[PDB]
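Chemist: Supplied in structure tokens, the structure appears directly below.
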Amino acid sequence: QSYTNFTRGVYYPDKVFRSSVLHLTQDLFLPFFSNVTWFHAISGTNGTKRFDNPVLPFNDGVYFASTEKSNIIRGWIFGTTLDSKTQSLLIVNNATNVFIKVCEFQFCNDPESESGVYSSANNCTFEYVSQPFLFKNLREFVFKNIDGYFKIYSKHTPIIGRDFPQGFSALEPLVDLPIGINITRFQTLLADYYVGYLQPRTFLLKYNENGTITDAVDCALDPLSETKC
Amino acid sequence: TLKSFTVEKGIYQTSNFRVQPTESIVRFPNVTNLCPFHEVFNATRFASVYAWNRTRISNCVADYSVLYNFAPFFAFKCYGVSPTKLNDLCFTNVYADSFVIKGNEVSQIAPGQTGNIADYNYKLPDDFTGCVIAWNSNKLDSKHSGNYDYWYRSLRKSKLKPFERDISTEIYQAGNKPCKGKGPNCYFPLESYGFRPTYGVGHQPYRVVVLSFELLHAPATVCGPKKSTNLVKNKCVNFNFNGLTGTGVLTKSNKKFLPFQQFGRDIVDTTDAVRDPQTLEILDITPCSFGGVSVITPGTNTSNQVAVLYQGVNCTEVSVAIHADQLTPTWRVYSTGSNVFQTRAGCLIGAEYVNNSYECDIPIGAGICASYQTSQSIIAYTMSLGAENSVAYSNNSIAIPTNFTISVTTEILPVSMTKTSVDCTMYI
Amino acid sequence: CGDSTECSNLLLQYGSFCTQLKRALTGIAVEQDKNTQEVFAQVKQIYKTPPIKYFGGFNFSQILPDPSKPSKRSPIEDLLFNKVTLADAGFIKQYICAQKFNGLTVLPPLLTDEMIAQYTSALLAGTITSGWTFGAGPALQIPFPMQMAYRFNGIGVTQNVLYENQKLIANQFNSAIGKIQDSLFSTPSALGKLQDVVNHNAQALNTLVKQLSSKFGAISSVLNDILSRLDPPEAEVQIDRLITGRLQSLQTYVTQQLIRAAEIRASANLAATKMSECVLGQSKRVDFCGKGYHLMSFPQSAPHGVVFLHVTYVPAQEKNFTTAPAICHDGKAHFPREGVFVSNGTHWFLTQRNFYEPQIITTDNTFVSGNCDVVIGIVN
Amino acid sequence: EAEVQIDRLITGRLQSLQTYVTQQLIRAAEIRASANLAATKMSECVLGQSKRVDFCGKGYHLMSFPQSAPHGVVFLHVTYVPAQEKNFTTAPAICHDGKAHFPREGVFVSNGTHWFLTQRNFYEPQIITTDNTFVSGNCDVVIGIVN
Amino acid sequence: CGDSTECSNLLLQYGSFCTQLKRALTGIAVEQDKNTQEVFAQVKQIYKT
Ligand SMILES: *[C@@H]1O[C@H](CO)[C@@H](O[C@@H]2O[C@H](CO)[C@@H](O[C@@H]3O[C@H](CO)[C@@H](O)[C@H](O)[C@@H]3O)[C@H](O)[C@H]2NC(C)=O)[C@H](O)[C@H]1NC(C)=O
Ligand SMILES: *[C@@H]1O[C@H](CO)[C@@H](O[C@@H]2O[C@H](CO)[C@@H](O[C@@H]3O[C@H](CO)[C@@H](O)[C@H](O)[C@@H]3O)[C@H](O)[C@H]2NC(C)=O)[C@H](O)[C@H]1NC(C)=O
Ligand SMILES: *[C@@H]1O[C@H](CO)[C@@H](O[C@@H]2O[C@H](CO)[C@@H](O[C@@H]3O[C@H](CO)[C@@H](O)[C@H](O)[C@@H]3O)[C@H](O)[C@H]2NC(C)=O)[C@H](O)[C@H]1NC(C)=O
Ligand SMILES: *[C@@H]1O[C@H](CO)[C@@H](O[C@@H]2O[C@H](CO)[C@@H](O)[C@H](O)[C@H]2NC(C)=O)[C@H](O)[C@H]1NC(C)=O
Ligand SMILES: *[C@@H]1O[C@H](CO)[C@@H](O[C@@H]2O[C@H](CO)[C@@H](O)[C@H](O)[C@H]2NC(C)=O)[C@H](O)[C@H]1NC(C)=O
Ligand SMILES: *[C@@H]1O[C@H](CO)[C@@H](O)[C@H](O)[C@H]1NC(C)=O
Ligand SMILES: *[C@@H]1O[C@H](CO)[C@@H](O)[C@H](O)[C@H]1NC(C)=O
Ligand SMILES: *[C@@H]1O[C@H](CO)[C@@H](O)[C@H](O)[C@H]1NC(C)=O
Ligand SMILES: *[C@@H]1O[C@H](CO)[C@@H](O)[C@H](O)[C@H]1NC(C)=O
Ligand SMILES: *[C@@H]1O[C@H](CO)[C@@H](O)[C@H](O)[C@H]1NC(C)=O
Ligand SMILES: *[C@@H]1O[C@H](CO)[C@@H](O)[C@H](O)[C@H]1NC(C)=O
Ligand SMILES: *[C@@H]1O[C@H](CO)[C@@H](O)[C@H](O)[C@H]1NC(C)=O
Ligand SMILES: *[C@@H]1O[C@H](CO)[C@@H](O)[C@H](O)[C@H]1NC(C)=O
Ligand SMILES: *[C@@H]1O[C@H](CO)[C@@H](O)[C@H](O)[C@H]1NC(C)=O
Ligand SMILES: *[C@@H]1O[C@H](CO)[C@@H](O)[C@H](O)[C@H]1NC(C)=O
């Protein structure tokens, strides 16, 4: 239920192109070898059984990854209460398009084809539609809520690479939603997955000739990492 | 440079040269959608201070002449970007916080200040950039019976965090009694202030809009108006790419930017690339050529002819800058054929290079020295190291002196220097 | 205040700080050429070796210029050059990928590497052909084995030792040169003393450029942004804050360059002293020019410096002998004129101090002063 | 406001003094190094005869004389410079009765008809005798021995 | 400014000053050990009377 060996979650912190450099930056990152919870005990149909599927806290930001070929995970819900008392953000990934909405979702499908996706959306403040996102392809996402913006980063790495830490790759920003939303908890929406949490850290990021991040050092992990930084 | 009307023989370091720009390039987004300031400033109603109307403005052209057309203002209160000449900037994020406040609390809207508004209803960051723009709305918001659609949260448990609001209306609790309902000395939080047309100026309503500006070069833009022009490459120009202003030479880049990325940086955190907002082409920015200038003078007691060394550049670029009237120093030299020579140090103009070697006189660098020789003109040459003297080495030959010279030489060494003392207090 | 006239006008109010910094850097730049000239330009004339590179059997092919390869440098000089030239922009070259082009210009040396190589070649040809005579007056040719014989006398070893062992000495010299070349080739750290100098100067410039990105209390580190966003009366405050920070950074750079210049000057003066005393002569100063008794030295050029090959005589294979301060004969005390009395256990001989070569004790090798009673430990 | 303007002037003057003193300390170190060299030269060139090449001027050192100067010292170095050399034929040893004869001092030279021993730094030919040379080994060991 | 976060955040606006001082003092410390080693460690063997 807890996988200790996580060295992934590095993402491009800004719009700055760098080439053949090592850049030291302070941002929210998943710490290296931080305890990360693996939700295999309560996974799919035989996990939740239309029950449990616990709501997790959202401390500064989270790291999410999926290894489920069937795409049972369709989206995420974010907010503080999630019963219409406060606003909540939904990002459901449909096969045709990704539908991101911010509304007072009193009702949701959360308590095998044509599963229910009903929501009440009693009052809406934001709507956005984008290209669809949809084993041999591991899907990594980072979700952080900073200064009124919900920043989503991802990588649909084609890696057939079944071992979870098969290799290192940095995530690229996917969308930056201008949502002034207070987020303290979130839940995974199903029609397995890993969830880790971000902390403020300083990292040394290695940019290659093409400006792709190929490695990183977590400056607080070990005396050797401090020496490298 | 030497503060003298007499110059000794030698090479002297003078001011540096730069290639001047010849064009001004503005590349703002090709957006004709005017930012909705009129709909916010000229609104039918403003929200109460309790829950100000926060309108996000993006993907539009900022125009602040709308504000001068709207009304004369009480105050702009611009911080971080002090002038009202905001049409020259590109902002990453723009927020318009709209509310109606009473006159005696307008002064409470500063980034750092005290009072019931500054402390409990609307809080700005102390390092905030933006403008707080006020308008007198007595003629619109005041009513004879009183306009009771506005209130203040004067009773609060804790200080309001900047740009963060919890709009719960739960009655304030005090003491060890729950204070659930009316009757105890705990009162409902909102003030209920009523704006009357018969009130004095300090009690009249004002419509205040806070324009929060995020200036971070230009990873995103809300740009003011300018008339854009075409790109000209391989020339020194003054460019403005959205809010990124600078001078340089724009060339095609060979960098592979991510679709996400717009700007590049070198190892010294200086801009070295930009994505063009109208074409999405990635351009390299090269500094315009510059370098030191040195003057080689035989000495004014011999000749007034001098040679000029432009350090750090190729003579092709110097000749182009002279012909284009781009070179920063306004003086010129004849620059005729046979008087331009490329050295490792730079471009030497005003000296004729010869294939003879001589002892070095005025050093230039990388082996090239110059002197004034015959009719007389400044020449440049590769310095001689000494005379050659092959020695007749043999298996069985030795040279033995037969005579000698008694030589006296002079060696001079400093031993001491002037001893000084300073009265720190009297001096300063 | 790059391309900003408001900033330049404010900078003018601080006085002659630029004059002092410019003059300090100019003085350093001139001093570096003085140091190079003092170390290498010690020869009145450019001396050349004979067409026939035969010097008693000594092989100098790895220290003499190689006429085939471009630059006319020796194999060792070429190795030193290829090993330490890790600076991408150590001089203008008729032209950090930007090479610190933020108003910071690197100047070329006055003497190029080929001209320094020519001075080194002249010094080597002089030393090989004429020993130390070219360093005092005119060059006087001498056969190399005789030059070595007199250097052996210089270290207290009789001339016959070289001639009897000339083949041994030439082979040991040639082997030592080959070993030196292989040692320098296979040990990248050997030249660290010169590489550190290059690295320190690179750091000095890299940091100075990086200081431009600092705000020093200003709202922005970019003058164009300050002027665009602020009206003149506030822009002047933010600009003064940046002027103070950048000017302090320049003063720090110049102070450290002056200190480093003093260190380099001291090193150059030491190098010039070593060249004058060990290349143009034979030194008697212990460990001044290598371990062992000094015989000769050979200069080699290197980027930003000089490498000396010091050829010394090292005693080997010592044996224990019984000694005595004097010999008692006919009541007289006989002392060595040039040597030590030794015994192999049955017979007494007189030998030279630096090489066992037993002689018969005779009246032509000793002197007499006093009787046999005054000397402590006298042997019959 | 005067407090602000005065503090700016104080900062400028104090920084100017720090710059002056730092440069004076560096120049003082340079002068100290020069003075130490001058004292060494005084001790080794004036109070004795030096064998260090080019330490006490060009040529072979004979003696030096100090002279004072403002803020410093001037040394007059008197040296011996060889002149008017002649090129003679030489040999490492003379072979006589099978013995190899080496010079005690000097070098063997020849004018083309006779061999002489001469002091290395001044041509002054002497007859080669058993008092001027020493014997070690024989004529079959030394390379280039002449009869 | 010891044990103060606010001053540390302002101090970071002056650049690499602290790094330059660390390099200068470390270089001095190493130089002093080099000087002692160069003066006294001139013999490769420990001789005894
Ligand atoms: C002075 O010493 C150098 C070496 O330090 C001599 O040059 C060397 O000469 C030998 C001659 O046999 C070269 O050997 C070569 O070996 C290769 C195979 O390894 C063979 O294919 C060649 O045909 C040749 O036999 C050796 O490479 C060469 N080394 C260098 C660095 O040049 C030089 O000849 C000596 N001079 C005198 C006058 O003794
Ligand atoms: C100390 O040194 C002396 C002198 O070298 C040694 O005495 C010498 O020993 C050699 C040994 O070969 C004697 O050589 C003799 O030559 C004749 C030639 O006809 C031969 O017939 C003999 O059989 C012998 O080989 C030499 O004469 C002799 N000289 C004297 C004066 O005794 C001595 O042995 C050495 N002692 C030690 C402990 O090393
Ligand atoms: C090499 O040097 C030797 C000796 O210095 C030269 O031999 C000497 O040459 C001189 C002539 O210059 C001879 O002088 C003659 O002396 C006799 C004495 O009776 C006199 O009658 C003659 O009129 C003349 O003055 C001297 O005797 C002679 N000595 C010997 C031992 O031969 C030799 O000529 C020199 N060779 C060269 C090529 O320089
Ligand atoms: C060297 O020889 C002399 C004699 O030629 C020795 O002197 C004698 O020493 C003995 C010692 O008992 C005396 O009794 C004699 O009277 C001495 N004679 C003379 C003439 O002095 C001397 O001792 C010898 N030295 C050594 C070290 O053996
Ligand atoms: C010096 O003289 C000796 C003889 O006294 C020469 O030795 C002879 O050399 C020849 C060859 O040149 C041999 O054939 C003889 O057998 C040798 N004789 C003896 C007794 O050794 C010697 O060569 C002469 N050296 C010179 C340089 O002339
Ligand atoms: C370490 O990672 C591997 C996957 O490479 C995983 O199987 C293993 O359980 C991990 N060990 C932990 C979580 O301590
Ligand atoms: C950049 O990516 C391309 C992708 O095809 C690759 O071929 C190229 O080699 C990369 N750049 C470098 C410097 O390797
Ligand atoms: C703008 O304000 C004026 C009053 O100053 C009003 O008459 C006009 O209708 C408003 N126009 C709008 C809101 O479009
Ligand atoms: C703010 O006022 C504008 C005026 O047009 C309106 O469109 C917008 O919905 C208002 N928002 C809130 C949260 O009151
Ligand atoms: C955000 O939600 C948390 C949930 O505990 C609450 O304490 C906090 O006050 C909320 N903030 C805002 C601005 O709504
Ligand atoms: C406006 O800019 C966009 C940028 O992608 C470009 O595609 C479009 O053609 C431009 N339109 C005009 C009329 O310039
Ligand atoms: C010296 O002798 C050797 C013997 O082989 C010869 O090759 C060489 O050419 C001689 N030197 C001169 C200068 O004649
Ligand atoms: C100077 O620039 C021209 C441009 O055509 C080039 O051909 C020439 O080689 C350059 N010279 C040097 C020394 O860089
Ligand atoms: C011979 O010399 C060696 C030198 O290390 C010494 O150890 C040994 O004891 C000596 N033997 C005698 C008998 O003097
Ligand atoms: C050496 O002496 C010979 C005559 O013995 C003469 O021909 C030759 O020119 C001399 N060489 C020199 C360099 O003086």
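When we count neighbours, we look across all protein chains shown, and the Cβ atoms used for this are built from the backbone with ideal geometry, even at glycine. No lab work stands behind these numbers, since they all come straight from the coordinates.
Chemist: Give the stretch C:90-107 a look and list any residue that's in contact with a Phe, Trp or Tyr (Cβ under 8 Å, 6 or more places away or on another chain) and either outside any loop (DSSP other than H, G, I, E, B) or small (G, A, S) (or both), or say none.
Modeler: Of the stretch C:90-107, the ones in contact with a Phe, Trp or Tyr (Cβ under 8 Å, 6 or more places away or on another chain) are C:101, C:103, C:106-107.
Matches in the stretch C:90-107: C:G103 only.
Chemist: Of everything in the stretch E:1-47 that's among the β-branched types (V, I, T) and more than 14 Å from the chain's Cα centre (by Cα), which residue is farthest from C:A204 (Cα to Cα)? So that I can check it myself, show each step before the final result.
Modeler: We begin by selecting, within the stretch E:1-47, every residue among the β-branched types (V, I, T); these are E:5, E:19, E:26, E:28, E:30, E:36, E:39, E:43, E:46.
Then keep just the ones that are more than 14 Å from the chain's Cα centre (by Cα); that gives E:5, E:36, E:39, E:43, E:46.
Numbers: E:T5: 29, E:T36: 27, E:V39: 30, E:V43: 37, E:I46: 42 Å.
Only one residue tops the list, namely E:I46.
Chemist: OK, next. Please find, within the stretch B:323-338, the residue that is surrounded by the fewest Cβ atoms within 10 Å (Cβ to Cβ) out of those that are touching a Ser or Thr at 6+ places or on another chain (Cβ under 9 Å) and over 16 Å from B:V237 (Cα atoms).
Modeler: B:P329
Chemist: On the given criteria, is D:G112 more than 22 Å from B:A392 (Cα to Cα) and more than 10 Å from chain C (Cβ to nearest Cβ)? I'd like the intermediate steps shown before the answer.
Modeler: Values: more than 22 Å from B:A392 (Cα to Cα): no; more than 10 Å from chain C (Cβ to nearest Cβ): yes.
The answer is no for D:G112.
Chemist: What are the pairs with Cβ atoms under 6 angstrom where one residue, in the stretch D:63-90, is closer than 30 Å to D:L37 by Cα and the other, located anywhere, is surrounded by 14 or more Cβ atoms within 10 Å (Cβ to Cβ) and among the hydroxyl-bearing types (S, T, Y)? Sequence gap at least six, or different chains.
Modeler: If the second residue must be surrounded by 14 or more Cβ atoms within 10 Å (Cβ to Cβ) and among the hydroxyl-bearing types (S, T, Y), the pairs left are D:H71/B:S416; D:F75/D:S64; D:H77/B:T409; D:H77/D:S64; D:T79/B:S407; D:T79/D:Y60; D:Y80/D:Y60; D:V81/B:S407.
For (1) farther than 27 Å from A:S120 by Cβ; (2) surrounded by fewer than 19 Cβ atoms within 10 Å (Cβ to Cβ); (3) within 14 Å of another protein chain (Cβ to nearest Cβ), each residue gets a yes or a no:
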{"site": "A:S2", "(1), (2), (3)": "yes, yes, no"}
{"site": "A:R18", "(1), (2), (3)": "yes, no, yes"}
{"site": "A:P31", "(1), (2), (3)": "yes, no, no"}
{"site": "A:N46", "(1), (2), (3)": "yes, yes, no"}
{"site": "A:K49", "(1), (2), (3)": "no, yes, no"}
{"site": "A:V102", "(1), (2), (3)": "no, no, yes"}
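Chemist: Would you kindly identify the helices (runs of 4 or more DSSP H) lying entirely within the stretch C:1-84 that contain at least 1 residues that are within 13 Å of chain B (Cβ to nearest Cβ) and over 25 Å from C:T133 (Cβ atoms)?
Modeler: Numbers: elements: C:5-11, C:17-40, C:75-84.
Output list reads C:5-11, C:17-40.
Chemist: Looking only at the stretch B:47-61, filter to residues that are crowded, with 16+ Cβ neighbours inside 10 Å and either hydrophobic (A, V, I, L, M, F, W, C) or over 25 Å from B:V222 (Cα atoms) (or both); which one of those is nearest to ligand 12 (Cβ to nearest atom)?
Modeler: B:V61
Chemist: If you don't mind, there's one more thing I want to ask. Residues that are more than 13 Å from chain A (Cβ to nearest Cβ) and within 16 Å of ligand 13 (Cβ to nearest atom): which strands (runs of 3 or more DSSP E) entirely in the stretch B:231-302 hold 2 or more of them? Step through it out loud before you land on a result.
Modeler: Values: elements: B:236-241, B:244-252, B:263-265, B:271-275, B:282-286, B:290-297.
The qualifying strands (runs of 3 or more DSSP E) are B:244-252.
Chemist: To continue, here is another question. Just name the residue that is nearest to the chain's Cα centre (by Cα) out of those in the stretch B:54-90 that are within 14 Å of chain C (Cβ to nearest Cβ) and assigned to a strand (DSSP E or B).
Modeler: Residue satisfying both the conditions and the ranking: B:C90.
Chemist: Which of the residues spanning the stretch C:273-319 are touching a strand residue (DSSP E or B) at 6+ places or on another chain (Cβ under 7 Å), more than 23 Å from C:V43 (Cα to Cα) and more than 14 Å from every other protein chain (Cβ to nearest Cβ)?
Modeler: Matches in the stretch C:273-319: C:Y293, C:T312, C:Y313, C:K319.
Chemist: Follow-up. Can you spot a residue in the stretch C:236-255 that is under 30 Å from C:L12 (Cβ atoms), of a type in the set (K, R), more than 10 Å from chain D (Cβ to nearest Cβ) and part of a helix (DSSP H, G or I)?
Modeler: Yes, the stretch C:236-255 contains at least one residue that is under 30 Å from C:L12 (Cβ atoms), of a type in the set (K, R), more than 10 Å from chain D (Cβ to nearest Cβ) and part of a helix (DSSP H, G or I).
Chemist: Provide a single number: the residues in the stretch B:91-114 that are buried (at least 18 other Cβ atoms within 10 Å of the Cβ) and more than 10 Å from every other protein chain (Cβ to nearest Cβ). Walk me through it before giving the result.
Modeler: Taking the stretch B:91-114 first, the residues buried (at least 18 other Cβ atoms within 10 Å of the Cβ) are B:91, B:93-103, B:105-106, B:109, B:111.
Now restrict to residues that are more than 10 Å from every other protein chain (Cβ to nearest Cβ): B:91, B:94, B:96-103, B:105-106, B:109, B:111.
Here the count works out to 14.
Chemist: Would you mind finding the one in A:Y63, A:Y12 that is more than 14 Å from every other protein chain (Cβ to nearest Cβ), among the aromatic types (F, W, Y) and either buried (at least 16 other Cβ atoms within 10 Å of the Cβ) or more than 16 Å from ligand 14 (Cβ to nearest atom) (or both)?
Modeler: Details: A:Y12 fails: more than 14 Å from every other protein chain (Cβ to nearest Cβ).
Of A:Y63, A:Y12, the one residue that is more than 14 Å from every other protein chain (Cβ to nearest Cβ), among the aromatic types (F, W, Y) and either buried (at least 16 other Cβ atoms within 10 Å of the Cβ) or more than 16 Å from ligand 14 (Cβ to nearest atom) (or both) is A:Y63.
Chemist: Looking at B:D276, B:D284, B:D272, which is the one that is among the charged types (D, E, K, R) and surrounded by 20 or more Cβ atoms within 10 Å (Cβ to Cβ)?
Modeler: Exactly one of B:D276, B:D284, B:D272 is among the charged types (D, E, K, R) and surrounded by 20 or more Cβ atoms within 10 Å (Cβ to Cβ), namely B:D272.
Chemist: Identify all residues within the stretch C:38-60 that are exposed (fewer than 13 other Cβ atoms within 10 Å of the Cβ) and either aliphatic (A, V, I, L, M) or within 25 Å of C:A272 (Cα to Cα) (or both); write none if there are none.
Modeler: Within the stretch C:38-60, just C:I52 meets the criteria.
Chemist: What are the residues in the stretch B:401-428 that are polar (S, T, N, Q), surrounded by 10 or more Cβ atoms within 10 Å (Cβ to Cβ) and under 50 Å from the mean Cα position of the chain (by Cα), if any? Can you show your working first?
Modeler: Step one: filter the stretch B:401-428 for residues polar (S, T, N, Q), giving B:402-403, B:405, B:407, B:409-410, B:416, B:418, B:420-421, B:425.
Among the residues that remain, those that are also surrounded by 10 or more Cβ atoms within 10 Å (Cβ to Cβ) are: B:402-403, B:405, B:407, B:409-410, B:416.
Selection gives B:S416 alone.
Chemist: Another one. Check C:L168, C:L191, C:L162 and return the single one that is surrounded by fewer than 18 Cβ atoms within 10 Å (Cβ to Cβ) and either over 25 Å from the mean Cα position of the chain (by Cα) or closer than 22 Å to C:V306 by Cβ (or both).
Modeler: On the way: C:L191 fails: surrounded by fewer than 18 Cβ atoms within 10 Å (Cβ to Cβ); C:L162 fails: surrounded by fewer than 18 Cβ atoms within 10 Å (Cβ to Cβ).
Criteria check complete, one pass: C:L168.
Chemist: Given the options B:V31, B:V7, name the one that is in a loop (DSSP other than H, G, I, E, B), within 30 Å of B:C347 (Cα to Cα) and either touching a strand residue (DSSP E or B) at 6+ places or on another chain (Cβ under 7 Å) or within 16 Å of ligand 3 (Cβ to nearest atom) (or both). Outline the logic, then answer.
Modeler: Working: B:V31 fails: within 30 Å of B:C347 (Cα to Cα).
The match here is B:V7.
Chemist: Could you identify the single residue in C:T346, C:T363, C:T351 that is away from ligand 11 (no atom under 16 Å from the Cβ) and surrounded by 12 or more Cβ atoms within 10 Å (Cβ to Cβ)?
Modeler: The unique qualifying residue is C:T351.
Chemist: Then there's this: Strands (runs of 3 or more DSSP E) wholly in the stretch C:305-360 with at least 2 residues that are within 21 Å of C:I155 (Cβ to Cβ) - which ones? Spell out the reasoning first.
Modeler: On the way: elements: C:305-313, C:322-324, C:327-329, C:332-336, C:340-343, C:348-352, C:355-360.
Answer list for the stretch C:305-360: C:305-313, C:340-343, C:348-352, C:355-360.
Chemist: Let me confirm something: among C:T323, C:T351, C:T363, which residue is away from chain D (no Cβ under 14 Å), away from ligand 12 (no atom under 16 Å from the Cβ) and over 30 Å from C:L25 (Cβ atoms)?
Modeler: On the way: C:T351 fails: away from chain D (no Cβ under 14 Å); C:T363 fails: away from chain D (no Cβ under 14 Å).
Sole residue among the options that is away from chain D (no Cβ under 14 Å), away from ligand 12 (no atom under 16 Å from the Cβ) and over 30 Å from C:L25 (Cβ atoms): C:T323.
Chemist: Give just the number: which of (1) crowded, with 21+ Cβ neighbours inside 10 Å; (2) on the phi > 0 side of the Ramachandran plot does C:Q147 not satisfy?
Modeler: So C:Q147 meets the others, but not (2).
Chemist: Please determine whether any residue of the stretch C:178-196 is under 30 Å from A:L24 (Cα atoms) and polar (S, T, N, Q).
Modeler: yes
Chemist: Hey, does the stretch B:35-46 have a residue that's part of a helix (DSSP H, G or I), more than 14 Å from chain C (Cβ to nearest Cβ) and within 29 Å of the chain's Cα centre (by Cα)? Break it down into steps so the answer makes sense when it comes.
Modeler: The first filter runs over the stretch B:35-46 and keeps only residues part of a helix (DSSP H, G or I), leaving B:37-41.
From the residues that got through so far, the ones that are more than 14 Å from chain C (Cβ to nearest Cβ) too are B:37-41.
Narrowing further to those that are within 29 Å of the chain's Cα centre (by Cα): B:37.
There is at least one residue in the stretch B:35-46 that is part of a helix (DSSP H, G or I), more than 14 Å from chain C (Cβ to nearest Cβ) and within 29 Å of the chain's Cα centre (by Cα).
Chemist: A further question follows. Kindly list the number of the only condition in (1) under 22 Å from C:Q13 (Cβ atoms); (2) assigned to a strand (DSSP E or B) that fails for C:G217.
Modeler: Against the list (1) under 22 Å from C:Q13 (Cβ atoms); (2) assigned to a strand (DSSP E or B), C:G217 comes up short only on (2).
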